[PDB]
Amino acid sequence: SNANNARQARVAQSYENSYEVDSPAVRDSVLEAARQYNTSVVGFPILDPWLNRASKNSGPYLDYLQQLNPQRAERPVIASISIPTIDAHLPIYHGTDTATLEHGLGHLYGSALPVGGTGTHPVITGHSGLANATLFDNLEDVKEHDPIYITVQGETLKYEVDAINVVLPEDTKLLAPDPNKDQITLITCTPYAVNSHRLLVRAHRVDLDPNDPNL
């Protein structure tokens, strides 16, 4: 297809772009643009990612896909996450479509991008129960006070778990941003072979000791 040719050409072009957008000053401006984006989506409604699909050719969604993507790739990794107490180390991608969640964690459209800052609440989504990848199967083992490390554009952000809740999919109040807090939530479905509910592991930003063993 023309689709495939275009896809191959874009892989080439983004490889080339990546050597022109990786300087400290461009990482800083990509991150600053992500913060501006986060301010602009503060009111957005937040839909369940297993039960709904985002409108992926809308204008704002196409804009979202340009954030954290100075190379202009298709489906780039936007950040990584590490949860060493359950030995998880996984890439995060834009959105939560079916193919994304088979190969990594998805970022829930309508929530802040995971670049830190007060007033933000990124929601990072993973399957549990997918054949042949662990993903968030062990999120239910995470405990209060466990650390979470996000890496994004060369920066490392540290979060500590503070709440663990199980809720119905319609109920997203625990996902609200709070203008005075820098938080993230990890979400997966539960229980095993049913997935009628959502497990929400919330964490808040803490200082990163430069000598953290987990770095």
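Sequential numbering from 1, following the sequence displayed.
Check: Would 49 to 57 or 29 to 37 have the larger average of its C-alpha temperature factors, as given in the entry?
Finding: 49 to 57 has the higher mean C-alpha B-factor.
Next item on the list: State which stretch shows the higher mean Cα B factor in the entry: 170 to 178 or 153 to 161.
Entry: Averaged over C-alpha atoms, the B-factors run higher in 170 to 178.
Margin query: Taking only the Cα B-factors deposited for this chain, tell me whether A99 sits in the lowest, middle or highest third.
Written below: For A99, whose C-alpha B-factor we compare with every modelled residue in the chain, the answer is the highest third.
Checklist line | Third assignment of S82 from its chain's C-alpha B-factors | finding: According to the entry, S82 has a C-alpha B-factor in the chain's lowest third.
Notebook entry, point to check: Would the CA B-factor of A193 place it in the lowest, middle or highest third of its chain?
Noted result: Middle third of the chain for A193's C-alpha B-factor.
Notebook entry, point to check: Lowest, middle or highest third: where is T118 by C-alpha B factor in its chain?
Noted result: Highest third - that is where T118 ends up once the chain's C-alpha B-factors are sorted.
Note to self: Quick check on the deposited entry: does the C-alpha B-factor of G43 sit in the lowest, middle or highest third of its chain?
What the structure shows: As the PDB entry reports it, the C-alpha B-factor of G43 lands in the highest third of its chain.
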